[PDB]
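Working notes, structure below.
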Amino acid sequence: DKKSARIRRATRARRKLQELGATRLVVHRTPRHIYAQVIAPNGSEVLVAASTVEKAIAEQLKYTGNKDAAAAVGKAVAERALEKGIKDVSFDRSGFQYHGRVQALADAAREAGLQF
Amino acid sequence: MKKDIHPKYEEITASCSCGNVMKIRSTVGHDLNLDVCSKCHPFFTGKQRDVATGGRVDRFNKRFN
Amino acid sequence: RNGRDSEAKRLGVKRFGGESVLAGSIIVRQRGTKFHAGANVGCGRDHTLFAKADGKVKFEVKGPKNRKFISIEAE
Amino acid sequence: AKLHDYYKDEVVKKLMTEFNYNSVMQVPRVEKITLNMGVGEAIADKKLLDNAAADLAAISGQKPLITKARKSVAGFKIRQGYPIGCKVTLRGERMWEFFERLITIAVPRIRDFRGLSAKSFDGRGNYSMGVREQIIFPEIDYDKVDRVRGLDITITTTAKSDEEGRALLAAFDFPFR
Amino acid sequence: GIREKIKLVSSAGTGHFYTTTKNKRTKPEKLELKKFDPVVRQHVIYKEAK
Amino acid sequence: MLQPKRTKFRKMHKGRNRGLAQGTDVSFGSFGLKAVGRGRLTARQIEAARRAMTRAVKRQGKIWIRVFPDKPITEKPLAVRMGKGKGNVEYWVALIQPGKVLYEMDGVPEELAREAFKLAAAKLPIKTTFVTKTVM
RNA sequence: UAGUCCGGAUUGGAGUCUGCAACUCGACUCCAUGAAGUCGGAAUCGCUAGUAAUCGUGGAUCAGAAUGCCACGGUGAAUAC
RNA sequence: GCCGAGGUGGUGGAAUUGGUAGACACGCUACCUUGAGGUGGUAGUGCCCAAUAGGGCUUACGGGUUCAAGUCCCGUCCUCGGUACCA
RNA sequence: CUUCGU
RNA sequence: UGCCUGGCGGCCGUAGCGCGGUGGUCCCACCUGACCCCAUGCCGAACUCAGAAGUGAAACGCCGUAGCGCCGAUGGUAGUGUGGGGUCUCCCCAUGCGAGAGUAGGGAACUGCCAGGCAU
RNA sequence: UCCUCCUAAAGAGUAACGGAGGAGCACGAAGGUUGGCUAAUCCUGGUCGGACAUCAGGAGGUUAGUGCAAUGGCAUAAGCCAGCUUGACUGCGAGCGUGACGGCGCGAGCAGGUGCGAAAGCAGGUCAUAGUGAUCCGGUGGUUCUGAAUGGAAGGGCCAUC
RNA sequence: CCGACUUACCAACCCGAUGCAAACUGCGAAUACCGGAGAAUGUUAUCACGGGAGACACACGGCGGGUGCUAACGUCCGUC
């Protein structure tokens with residue numbers, strides 16, 4: 001209902017990123033947490049994942065479900081992506097509106113050197 | 001809610017006639033006076049008072065002896 | 001009263017499966033989308049499916065709706 | 001507001017004690033109240049709809065929506081997309097305010113109110129009642145009489161059946177002849 | 001054919017116009033329509049004419 | 001007569017009567033008149049056979065007509081040349097293949113069914129047979 | 001200056017009186033109700049002075065039952081070339 | 001047999017640019033004038049239901065389009081007009 | 001304009 | 001390695017409905033409040049933000065059940081390429097291919113990477 | 001003359017005075033792009049309100065809708081709503097499809113200049129297929145390309161267009 | 001105004017049992033057609049360019065059909 005509606009809003013742009021062959025930065029948002037993965041252009045393997053449910057990111061934050069947790073996970077996923085070296089990724093907002101916490105994570109990855 | 005399209009919603013104190021007072025948020029613009037409220041109404045207490053549904057034999061024994 | 005018909009539009013599958021297509025070459029001219037566009041296959045405004053890379057044509061049945069797709073192996 | 005607190009204490013307690021409810025989220029909570037004003041006379045005149053709009057903006061708190069026609073019917077001389085009604089959705093503290101004003105200061109004033117119908121539950125607990133005169137609400141000056149222009153109010157509840165919704169409503173000492 | 005046939009002329013570099021069609025009934029207004037002029041090589045405002 | 005109320009198109013192609021039947025088994029009644037041979041039955045022959053069979057059993061029991069016409073047969077007028085369009089629809093036939101149970105009945109014994117089915121089969125152009133209801 | 005403190009039909013309840021008897025079918029009273037009606041189409045009537053118009057009263061018939069009929073007075077015109 | 005036109009109140013006839021028909025003129029009904037008819041004047045009127053304001057049914061018949069059909073498409077019935085020639 | 005029969 | 005949970009897929013009903021039971025340490029869902037970002041053609045329902053008091057009610061996941069949907073043989077039949085034949089507006093024969101429906105039956109899916117909690 | 005279906009015999013094509021229907025347009029939004037949403041029809045409840053108007057909930061799942069006939073398609077919607085807009089842009093164009101030809105159609109990408117979007121991207125009209133006529137002769141505008149001795153011009157050309 | 005009591009009757013939607021369809025399809029062949037690879041065969045049989053044509057009234061037989069009357073040595077297609 002609220003879950004199935006978001007899936008098709010994502011499914012519009014997920015198929016386009018499937019056609020273009022882009023490496024996807026897949027964000028996931030929850031009232032308690034935030035999640036970010038970098039998935040390879042095929043879609044069957046991921047490259048790096050970072051989230052607030054990791055202990056290493058959660059222990060440094062006040063709350064794991066706000067804009068600042070989003071910024072910390074965005075910084076961590078950009079730093080870990082360049083720890084592997086994945087320079088040009090393409091952002092998948094996964095059906096969520098961009099501006100709230102997805103914009104914080106996207107601004108954090110854009111400021112820390114993940115070119116999209 | 002959007003800013004200017006809605007009318008102003010002021011908290012006023014309406015006064016029932018039997019003695020009840022009731023602060024409500026409404027848009028009338030002023031204080032307001034009432035007559036009947038949730039208390040002191042003929043239905044809400046239990047004085048609903050259906051009429052005699054036939055007082056005919058009682059009328060005959062009252063009229064005639 | 002009758003006797004009015006139009007001229008045939010020569011539709012149908014032009015490049016069948018396993019054929020070798022150069023880029024830009026038309027695979028299917030169709031009306032709706034009987035066959036959808038897969039990898040390295042474009043869909044025109046005509047809903048004409050053409051080749052965007054050189055390779056072997058492939059027909060597949062993908063999707064949850066059991067619908068057909070035309071892909072190209074880049075050979 | 002106050003009836004929200006009366007709910008959260010007394011009505012939640014009562015509906016735990018009369019139905020066996022395993023959880024506090026099993027209780028029926030009242031979701032929204034919609035005030036619809038189906039004017040219908042906007043097929044020729046336009047300003048009468050803009051008067052019924054101010055009517056629902058006075059009776060309710062917020063400004064109404066103007067509901068257009070969903071399909072055209074040649075029986076009624078309406079067309080596809082003519083503004084034939086108006087409506088207000090109110091939820092949260094505003095429906096609790098409106099519900100307390102409805103149950104206390106409005107519902108005695110329905111001009112031989114002999115008790116409204118308890119069979120008007122649709123089947124899933126949602127109750128709907130139609131007032132014929134908008135003068136029962138204290139927001140009307142009566143020096144600015146326009147038309148009779150009644151409305152219908154639909155309390156939408158998260159109850160499952162008729163008897164759970166009627167328990168929730170009559171818990172608020174709702175009239176129910 | 002009641003939709004009349006108009007040209008729209010560039011504001012500057014006037015050695016080029018576009019041509020299109022316009023219903024004079026429902027829209028009796030001008031058609032501004034900022035388009036591209038390949039003489040100036042920029043996008044300029046355009047103007048309705050008969 | 002029998003005829004479809006509001007068929008979809010008024011004229012239809014001739015086509016061929018190739019193949020075998022579909023209503024092979026006696027399903028509604030206990031006795032049946034089954035087509036041995038190929039052909040097509042107009043609605044007049046179907047209704048004439050129904051009248052003869054009903055007069056034979058004197059309206060006792062139940063009689064099912066297991067075939068509907070639903071096929072318009074067009075025919076040109078007299079002294080008209082070939083061409084100038086397809087002719088006007090004049091009757092409605094039912095294409096009857098071998099092994100097609102045309103008629104069924106129940107409520108009557110087998111002997112009056114046998115005599116009634118001779119009296120009905122005399123009206124039809126096709127060769128028929130008498131068949132009884134089987135299990136399995 | 002409003003269908004209104006106009007109008008008083010209709011209807012509900014409570015009665016009184018005459019009368020063997022008030023349902024069909026009496027008159028009146030009181031309370032409640034508050035309809036049509038804002039001077040009336042083509043047409044058509046009465047009236048020449050204490051008259052028309054307007055206001056009340058009385059009588060006969062009558063157990064009871066007049067907005068009719070027969071009488072009586074109060075005020076009281078306009079116009080006739 | 002083909003083409004063209006029309007089928008609308010009790011009647012003669014209008015509305016064929018899709019916006020809930022019968023304009024007009026008869027007839028008929030009620031009233032008035034008349035001794036009484038005729039003419040003449042006033043108010044009516046397509047037919048079902050309620051006592052009203054109303055509501056429904058109404059363009060030969062059947063069905064489709066359309067938000068809506070007297071009007072457009074189509075099938076059949078009937079009435080008119082033209083045509084049905086060359087041997 | 002007409003005004004049914006004896 | 002063994003459970004649970006979440007993200008992206010592979011495959012596209014043996015995979016989906018139904019009926020019943022179950023989960024809350026995390027995770028997720030509902031939830032609390034909306035000072036502020038943002039929001040409604042009215043409405044914090046949705047979108048969004050700030051938070052975890054309460055609950056597993058609904059939703060979702062997992063287990064179970066055949067009432068359906070679904071899959072579905074072997075044999076037969078219909079059709080049919082080719083070469084012949086007749087009692088030829090249809091059929092038959094030699095050979096090659098061989099369904100659709102139905103029946104026996106199967107069946108409440110399987111699984112790749114990543115991450116979290118738990119127990120070993 | 002053009003478009004859709006059947007005849008048309010599972011590639012394409014295929015005739016008849018064979019069976020059925022349509023077009024000679026519309027739209028600066030009904031085009032572009034971003035974000036969002038998801039029908040018809042029933043049942044129940046509810047002021048006028050009634051079979052059918054608006055409201056709420058359930059059933060149902062695309063039986064709806066597409067500017068217009070039919071077919072094919074369409075939920076990632078091509079269907080529905082809103083913001084900003086003019087890519088309904090100029091020069092090209094690999095390679096294809098389709099015609100005897102005149103022709104007609106699809107097109108990734110490249111150069112210039114844009115619009116939407118945070119971005120990847122998308123856009124050189126519309127869900128696609130109808131909405132249309134060749135050449136001549138002439139009209140308007142721009143361009144020293146030519147310009148009958150020479151410098152101009154008239155007239156031709158070329159481009160846009162009627 | 002409630003509204004009850006019964007039948008010569010017509011009967012939607014669902015449910016099961018039956019059929020039919022060129023303009024119906026949740027199924028679906030045999031052939032045909034397109035492409036790729038391999039051996040044998042066939043006087044290159046294939047393609048392109050050039051010189052010269054003729055022909056563009058067809059007929060019948062099998063098989064798939066439209067029309068006709070599943071009439072015609074009928075008519076119009078496809079294929080041999």
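Labels used: A, B, ... for chains in the order of the structure tokens, numbers from 1 for residues in each chain, and numbers from 1 for ligands as shown.
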
Task: Proximal residues of chain K relative to chain D (only C-alpha atoms (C1' of nucleotides); 12 Å) as a list in words - done: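 Close to chain D, chain K has residues 40, 43, 44, 45, 46, 47, 48, 49, 50, 51, 52, 53, 54, 55, 56, 57, 58 and 64 of chain K.
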
- [ ] Would you kindly return, as a PyMOL selection string, each protein, DNA or RNA residue with an atom no farther than 9 Å from any atom of residue 69 of chain K, considering only C-alpha atoms (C1' of nucleotides) and excluding same-chain residues fewer than 2 positions away?
- [x] chain K and resi 3-4+21-23

Generate a file of the selected residues that holds N, CA, C and O atoms (P, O5', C5', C4', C3', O3' and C1' of nucleotides), formatted as a PDB file, in the first residue's frame.
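The resulting again04.pdb:
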```
ATOM      1  P     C K   3      -2.917   4.064 -47.007  1.00  0.00           P
ATOM      2  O5'   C K   3      -3.757   4.202 -45.668  1.00  0.00           O
ATOM      3  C5'   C K   3      -3.202   4.796 -44.512  1.00  0.00           C
ATOM      4  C4'   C K   3      -4.127   4.649 -43.335  1.00  0.00           C
ATOM      5  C3'   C K   3      -4.483   3.232 -42.936  1.00  0.00           C
ATOM      6  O3'   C K   3      -3.481   2.598 -42.170  1.00  0.00           O
ATOM      7  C1'   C K   3      -6.432   4.548 -42.986  1.00  0.00           C
ATOM      8  P     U K   4      -3.329   1.008 -42.214  1.00  0.00           P
ATOM      9  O5'   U K   4      -4.564   0.474 -41.378  1.00  0.00           O
ATOM     10  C5'   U K   4      -4.589   0.608 -39.971  1.00  0.00           C
ATOM     11  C4'   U K   4      -5.779  -0.088 -39.369  1.00  0.00           C
ATOM     12  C3'   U K   4      -6.041  -1.498 -39.845  1.00  0.00           C
ATOM     13  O3'   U K   4      -5.183  -2.465 -39.292  1.00  0.00           O
ATOM     14  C1'   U K   4      -8.065  -0.309 -39.790  1.00  0.00           C
ATOM     15  P     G K  21     -21.415  -1.347 -41.680  1.00  0.00           P
ATOM     16  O5'   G K  21     -20.508  -0.421 -40.771  1.00  0.00           O
ATOM     17  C5'   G K  21     -19.641   0.528 -41.360  1.00  0.00           C
ATOM     18  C4'   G K  21     -18.456   0.803 -40.476  1.00  0.00           C
ATOM     19  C3'   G K  21     -17.957   2.235 -40.470  1.00  0.00           C
ATOM     20  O3'   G K  21     -18.704   3.073 -39.612  1.00  0.00           O
ATOM     21  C1'   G K  21     -16.139   0.783 -40.777  1.00  0.00           C
ATOM     22  P     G K  22     -18.796   4.646 -39.903  1.00  0.00           P
ATOM     23  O5'   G K  22     -17.361   5.188 -39.498  1.00  0.00           O
ATOM     24  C5'   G K  22     -16.843   6.380 -40.057  1.00  0.00           C
ATOM     25  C4'   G K  22     -15.347   6.421 -39.925  1.00  0.00           C
ATOM     26  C3'   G K  22     -14.656   7.635 -40.516  1.00  0.00           C
ATOM     27  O3'   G K  22     -14.717   8.791 -39.703  1.00  0.00           O
ATOM     28  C1'   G K  22     -13.550   5.712 -41.241  1.00  0.00           C
ATOM     29  P     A K  23     -14.851  10.232 -40.390  1.00  0.00           P
ATOM     30  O5'   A K  23     -13.418  10.504 -40.997  1.00  0.00           O
ATOM     31  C5'   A K  23     -12.327  10.797 -40.150  1.00  0.00           C
ATOM     32  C4'   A K  23     -11.073  11.023 -40.944  1.00  0.00           C
ATOM     33  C3'   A K  23     -11.091  12.211 -41.877  1.00  0.00           C
ATOM     34  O3'   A K  23     -10.876  13.442 -41.222  1.00  0.00           O
ATOM     35  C1'   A K  23     -10.246  10.349 -43.018  1.00  0.00           C
TER      36        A K  23
END
```

For residue 118 of chain K, find every residue with an atom within 9 Å (counting only C-alpha atoms (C1' of nucleotides)), except residues of its own chain fewer than 4 positions away, and show them as an mmCIF file with C-alpha atoms, in the first residue's frame.
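Written output follows (selection_24.cif):
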```cif
data_model
loop_
_atom_site.group_PDB
_atom_site.id
_atom_site.type_symbol
_atom_site.label_atom_id
_atom_site.label_comp_id
_atom_site.auth_asym_id
_atom_site.auth_seq_id
_atom_site.Cartn_x
_atom_site.Cartn_y
_atom_site.Cartn_z
ATOM 1 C CA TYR A 98 14.908 13.502 -3.084
ATOM 2 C CA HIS A 99 14.981 16.378 -0.671
ATOM 3 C CA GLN A 103 19.467 14.838 -0.376
ATOM 4 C CA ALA A 106 23.563 12.614 -1.938
ATOM 5 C CA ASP A 107 25.151 15.924 -0.914
#
```

Enumerate, as a compact mmCIF listing (two decimals) with N, CA and C atoms, in the first residue's frame, the complete set of residues in chain A that a backbone-based DSSP assignment places in strand (DSSP E or B).
```txt
# COMPACT_ATOMS: atom_id res chain seq x y z
N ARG A 24 24.82 1.72 -9.88
CA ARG A 24 23.75 2.35 -9.13
C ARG A 24 24.19 2.60 -7.69
N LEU A 25 23.83 3.77 -7.17
CA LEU A 25 23.89 4.04 -5.74
C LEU A 25 22.46 3.97 -5.23
N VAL A 26 22.12 2.87 -4.57
CA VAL A 26 20.76 2.58 -4.15
C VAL A 26 20.61 2.98 -2.69
N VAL A 27 19.79 3.99 -2.44
CA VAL A 27 19.51 4.47 -1.10
C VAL A 27 18.24 3.76 -0.62
N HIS A 28 18.13 3.56 0.68
CA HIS A 28 16.91 3.10 1.31
C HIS A 28 16.68 3.91 2.58
N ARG A 29 15.44 4.35 2.78
CA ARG A 29 15.10 5.23 3.89
C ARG A 29 14.05 4.55 4.74
N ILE A 34 18.89 4.55 7.90
CA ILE A 34 19.12 4.81 6.49
C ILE A 34 20.13 3.79 5.99
N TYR A 35 20.10 3.50 4.69
CA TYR A 35 20.91 2.46 4.09
C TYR A 35 21.39 2.95 2.74
N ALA A 36 22.59 2.55 2.35
CA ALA A 36 23.12 2.90 1.04
C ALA A 36 23.95 1.73 0.56
N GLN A 37 23.74 1.34 -0.69
CA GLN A 37 24.54 0.30 -1.32
C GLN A 37 25.01 0.84 -2.65
N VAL A 38 26.14 0.36 -3.13
CA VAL A 38 26.57 0.61 -4.49
C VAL A 38 26.54 -0.72 -5.22
N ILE A 39 25.61 -0.84 -6.15
CA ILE A 39 25.35 -2.08 -6.87
C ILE A 39 25.94 -1.96 -8.26
N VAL A 46 26.72 -6.44 -5.20
CA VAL A 46 26.97 -5.09 -4.75
C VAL A 46 28.47 -4.91 -4.55
N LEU A 47 28.89 -3.66 -4.44
CA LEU A 47 30.31 -3.39 -4.32
C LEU A 47 30.64 -2.95 -2.90
N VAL A 48 29.91 -1.98 -2.41
CA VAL A 48 30.09 -1.52 -1.04
C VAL A 48 28.73 -1.15 -0.46
N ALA A 49 28.53 -1.48 0.81
CA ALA A 49 27.32 -1.11 1.52
C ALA A 49 27.71 -0.36 2.78
N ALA A 50 26.92 0.63 3.14
CA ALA A 50 27.11 1.36 4.38
C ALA A 50 25.75 1.81 4.87
N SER A 51 25.55 1.74 6.18
CA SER A 51 24.24 2.04 6.74
C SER A 51 24.40 2.44 8.19
N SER A 90 25.87 6.37 -10.42
CA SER A 90 24.65 7.07 -10.79
C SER A 90 23.63 6.86 -9.69
N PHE A 91 22.94 7.93 -9.29
CA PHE A 91 22.13 7.93 -8.08
C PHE A 91 20.75 7.36 -8.36
N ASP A 92 20.30 6.46 -7.48
CA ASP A 92 18.96 5.90 -7.53
C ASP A 92 18.25 6.26 -6.23
```

Task: Interface residues on chain H facing chain D, 9 Å, only C-alpha atoms (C1' of nucleotides), written as a PyMOL selection string - done: chain H and resi 20+67-68

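Residues in contact range of residue 21 of chain B, defined as at most 12 Å between only C-alpha atoms (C1' of nucleotides), with sequence neighbours fewer than 3 positions away removed, read residues 12, 13, 14, 15, 16, 17, 18, 24, 31, 32, 33, 34, 35, 36, 37, 38 and 39 of chain B; 104 and 105 of chain D.
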
Quick one: write out the picked residues with C-alpha atoms as an mmCIF file, in the first residue's frame?
```cif
data_model
loop_
_atom_site.group_PDB
_atom_site.id
_atom_site.type_symbol
_atom_site.label_atom_id
_atom_site.label_comp_id
_atom_site.auth_asym_id
_atom_site.auth_seq_id
_atom_site.Cartn_x
_atom_site.Cartn_y
_atom_site.Cartn_z
ATOM 1 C CA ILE B 12 -13.833 31.310 22.481
ATOM 2 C CA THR B 13 -16.005 30.419 25.485
ATOM 3 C CA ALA B 14 -19.608 29.585 24.666
ATOM 4 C CA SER B 15 -21.995 29.698 27.607
ATOM 5 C CA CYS B 16 -24.936 27.323 27.941
ATOM 6 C CA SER B 17 -28.164 28.679 29.392
ATOM 7 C CA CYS B 18 -28.430 26.082 32.162
ATOM 8 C CA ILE B 24 -14.160 25.719 21.851
ATOM 9 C CA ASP B 31 -17.874 35.159 22.099
ATOM 10 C CA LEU B 32 -21.124 33.273 21.734
ATOM 11 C CA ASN B 33 -24.142 32.443 23.880
ATOM 12 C CA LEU B 34 -26.117 29.203 23.845
ATOM 13 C CA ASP B 35 -29.423 27.816 25.041
ATOM 14 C CA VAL B 36 -29.218 24.013 24.860
ATOM 15 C CA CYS B 37 -26.073 21.882 25.096
ATOM 16 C CA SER B 38 -25.067 18.253 25.660
ATOM 17 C CA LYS B 39 -26.271 18.612 29.227
ATOM 18 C CA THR D 104 -22.232 19.132 22.448
ATOM 19 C CA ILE D 105 -23.407 22.410 20.921
#
```

Please report, as a Markdown table, each residue of chain K lying at most 8 Å from chain A, together with the nearest pair of atoms and the separation in Å rounded to one decimal; use only C-alpha atoms (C1' of nucleotides), and order rows by chain and ascending residue number.
```
| residue | atom | partner | partner_atom | distance |
| --- | --- | --- | --- | --- |
| K:76 | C1' | A:12 | CA | 4.0 |
| K:118 | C1' | A:103 | CA | 7.8 |
| K:119 | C1' | A:116 | CA | 5.9 |
| K:120 | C1' | A:90 | CA | 5.3 |
```

Save the residues we just selected, C-alpha atoms (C1' of nucleotides), as a PDB file, in the first residue's frame?
```pdb
ATOM      1  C1'   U K  76       7.958   1.348 -15.711  1.00  0.00           C
ATOM      2  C1'   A K 118      20.018  17.264  -7.753  1.00  0.00           C
ATOM      3  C1'   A K 119      21.849  13.902 -11.280  1.00  0.00           C
ATOM      4  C1'   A K 120      22.075   9.582 -14.652  1.00  0.00           C
TER       5        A K 120
END
```

Please return, as a short mmCIF file (atom, residue, chain, number, x, y, z; two decimals) with N, CA, C and O atoms, in the first residue's frame, all residues of segment 13-85 of chain A that DSSP assigns to alpha helix (DSSP H) on the basis of the backbone.
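Okay, part.cif is ready:
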```cif
data_model
loop_
_atom_site.label_atom_id
_atom_site.label_comp_id
_atom_site.auth_asym_id
_atom_site.auth_seq_id
_atom_site.Cartn_x
_atom_site.Cartn_y
_atom_site.Cartn_z
N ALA A 13 12.72 4.28 -12.83
CA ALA A 13 14.09 4.71 -13.09
C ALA A 13 15.09 3.57 -12.94
O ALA A 13 16.19 3.62 -13.49
N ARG A 14 14.71 2.53 -12.18
CA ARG A 14 15.57 1.35 -12.05
C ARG A 14 15.75 0.64 -13.39
O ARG A 14 16.85 0.20 -13.72
N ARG A 15 14.69 0.57 -14.19
CA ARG A 15 14.79 -0.05 -15.51
C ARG A 15 15.64 0.78 -16.45
O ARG A 15 16.39 0.23 -17.27
N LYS A 16 15.57 2.11 -16.34
CA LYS A 16 16.39 2.96 -17.19
C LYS A 16 17.86 2.84 -16.84
O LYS A 16 18.72 2.79 -17.73
N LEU A 17 18.17 2.75 -15.55
CA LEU A 17 19.55 2.52 -15.15
C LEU A 17 20.02 1.12 -15.53
O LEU A 17 21.21 0.89 -15.72
N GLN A 18 19.08 0.18 -15.64
CA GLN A 18 19.42 -1.15 -16.15
C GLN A 18 19.79 -1.10 -17.63
O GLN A 18 20.73 -1.78 -18.06
N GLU A 19 19.06 -0.31 -18.42
CA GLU A 19 19.38 -0.19 -19.84
C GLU A 19 20.69 0.54 -20.08
O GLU A 19 21.47 0.16 -20.95
N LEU A 20 20.95 1.61 -19.32
CA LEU A 20 22.13 2.43 -19.60
C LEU A 20 23.41 1.75 -19.13
O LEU A 20 24.51 2.16 -19.53
N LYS A 55 27.51 -0.93 13.25
CA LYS A 55 27.85 -0.38 14.55
C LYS A 55 28.81 0.80 14.43
O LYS A 55 28.68 1.78 15.18
N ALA A 56 29.72 0.74 13.46
CA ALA A 56 30.78 1.74 13.33
C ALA A 56 30.24 3.12 12.97
O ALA A 56 30.83 4.14 13.34
N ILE A 57 29.11 3.17 12.27
CA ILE A 57 28.47 4.44 11.93
C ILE A 57 27.50 4.86 13.02
O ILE A 57 27.37 6.05 13.31
N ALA A 58 26.83 3.89 13.65
CA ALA A 58 25.81 4.21 14.64
C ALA A 58 26.40 4.76 15.93
O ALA A 58 25.80 5.63 16.56
N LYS A 67 18.75 13.68 9.52
CA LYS A 67 19.54 14.16 8.39
C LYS A 67 21.03 13.96 8.62
O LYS A 67 21.79 13.74 7.67
N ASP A 68 21.47 14.01 9.88
CA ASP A 68 22.90 13.91 10.15
C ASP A 68 23.39 12.48 10.05
O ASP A 68 24.53 12.23 9.66
N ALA A 69 22.53 11.51 10.39
CA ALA A 69 22.85 10.12 10.11
C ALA A 69 22.95 9.87 8.62
O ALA A 69 23.82 9.11 8.17
N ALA A 70 22.09 10.53 7.84
CA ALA A 70 22.16 10.43 6.39
C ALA A 70 23.47 11.00 5.87
O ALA A 70 24.10 10.40 4.99
N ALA A 71 23.92 12.12 6.44
CA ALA A 71 25.17 12.73 6.00
C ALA A 71 26.37 11.87 6.38
O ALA A 71 27.33 11.76 5.62
N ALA A 72 26.31 11.22 7.55
CA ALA A 72 27.41 10.35 7.97
C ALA A 72 27.50 9.11 7.08
O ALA A 72 28.60 8.69 6.71
N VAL A 73 26.35 8.53 6.71
CA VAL A 73 26.38 7.36 5.84
C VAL A 73 26.79 7.76 4.43
O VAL A 73 27.48 7.00 3.74
N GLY A 74 26.43 8.96 3.99
CA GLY A 74 26.88 9.42 2.68
C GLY A 74 28.38 9.63 2.62
O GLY A 74 29.03 9.24 1.65
N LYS A 75 28.95 10.22 3.68
CA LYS A 75 30.39 10.38 3.77
C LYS A 75 31.09 9.03 3.83
O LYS A 75 32.12 8.82 3.17
N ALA A 76 30.52 8.09 4.59
CA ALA A 76 31.13 6.77 4.73
C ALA A 76 31.06 5.98 3.43
O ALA A 76 32.01 5.27 3.09
N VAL A 77 29.97 6.13 2.68
CA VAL A 77 29.83 5.34 1.46
C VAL A 77 30.67 5.95 0.34
O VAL A 77 31.20 5.22 -0.51
N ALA A 78 30.90 7.27 0.38
CA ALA A 78 31.82 7.86 -0.59
C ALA A 78 33.26 7.48 -0.28
O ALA A 78 34.03 7.14 -1.19
N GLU A 79 33.63 7.50 1.00
CA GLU A 79 34.99 7.14 1.39
C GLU A 79 35.26 5.67 1.13
O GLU A 79 36.35 5.30 0.69
N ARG A 80 34.26 4.81 1.33
CA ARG A 80 34.47 3.38 1.10
C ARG A 80 34.42 3.05 -0.39
O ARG A 80 35.11 2.12 -0.84
N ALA A 81 33.62 3.79 -1.15
CA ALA A 81 33.63 3.63 -2.60
C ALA A 81 34.98 4.02 -3.18
O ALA A 81 35.48 3.35 -4.08
N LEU A 82 35.60 5.06 -2.63
CA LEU A 82 36.93 5.40 -3.13
C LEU A 82 38.01 4.57 -2.46
O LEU A 82 39.16 4.56 -2.90
N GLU A 83 37.66 3.86 -1.38
CA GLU A 83 38.55 2.82 -0.87
C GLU A 83 38.63 1.66 -1.85
O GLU A 83 39.69 1.04 -2.01
N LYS A 84 37.51 1.33 -2.50
CA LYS A 84 37.58 0.38 -3.61
C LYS A 84 38.01 1.06 -4.90
O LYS A 84 38.89 0.56 -5.61
#
```

- [ ] Would you mind telling me which residue in C:60, C:54, C:46, C:73 lies nearest to chain K when using only C-alpha atoms (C1' of nucleotides)?
- [x]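 Closest to chain K of all the choices is C:46.
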
Task: Spatial neighbours of segment 88-97 of chain F, max dist 8 Å, only C-alpha atoms (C1' of nucleotides), sep filter under 2 positions, as a VMD selection string - done: chain F and resid 3 10 to 11 17 to 21 35 37 to 43 67 to 76 86 99 to 100

TODO: Write out as a list in words every residue belonging to chain L that has an atom at most 12 Å from any atom of chain C, counting only C-alpha atoms (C1' of nucleotides).
DONE: residues 33, 34, 35 and 36 of chain L

Excluding residue 8 of chain H and its own-chain neighbours fewer than 3 positions away, which residues fall within 8 Å of it when counting only C-alpha atoms (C1' of nucleotides)? Please give them as a PDB file with C-alpha atoms (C1' of nucleotides), in the first residue's frame.
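And here's part-v2.pdb as it stands now:
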```pdb
ATOM      1  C1'   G H  22     -45.071  20.408 -31.766  1.00  0.00           C
ATOM      2  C1'   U H  59     -41.070  11.954 -33.658  1.00  0.00           C
ATOM      3  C1'   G H  70     -36.770  14.526 -34.478  1.00  0.00           C
TER       4        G H  70
END
```

TODO: Could you please select, counting only C-alpha atoms (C1' of nucleotides), the residues of chain H within 10 Å of chain F and state them as a list in words?
DONE: residues 1, 63 and 75 of chain H

Task: Test item: chain J residues at most 7 Å from chain A, counting only C-alpha atoms (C1' of nucleotides), as a PyMOL selection string - done: chain J and resi 8-9+48+112-116

- [ ] When you get a sec, could you note down which chain K residues fall within 10 Å of chain C, using only C-alpha atoms (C1' of nucleotides), as JSON, numbers by chain?
- [x] {"K": [2, 3, 4, 5, 11, 12, 13, 16, 17, 18, 19, 20, 21, 71, 72, 73, 74, 94, 95, 96, 97, 98, 105, 106, 107, 108, 127, 128, 129, 130]}

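Excluding residue 102 of chain D itself and same-chain residues fewer than 5 positions from it, the residues having an atom within 9 Å of it are residues 97, 107 and 137 of chain D, counting only C-alpha atoms (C1' of nucleotides).
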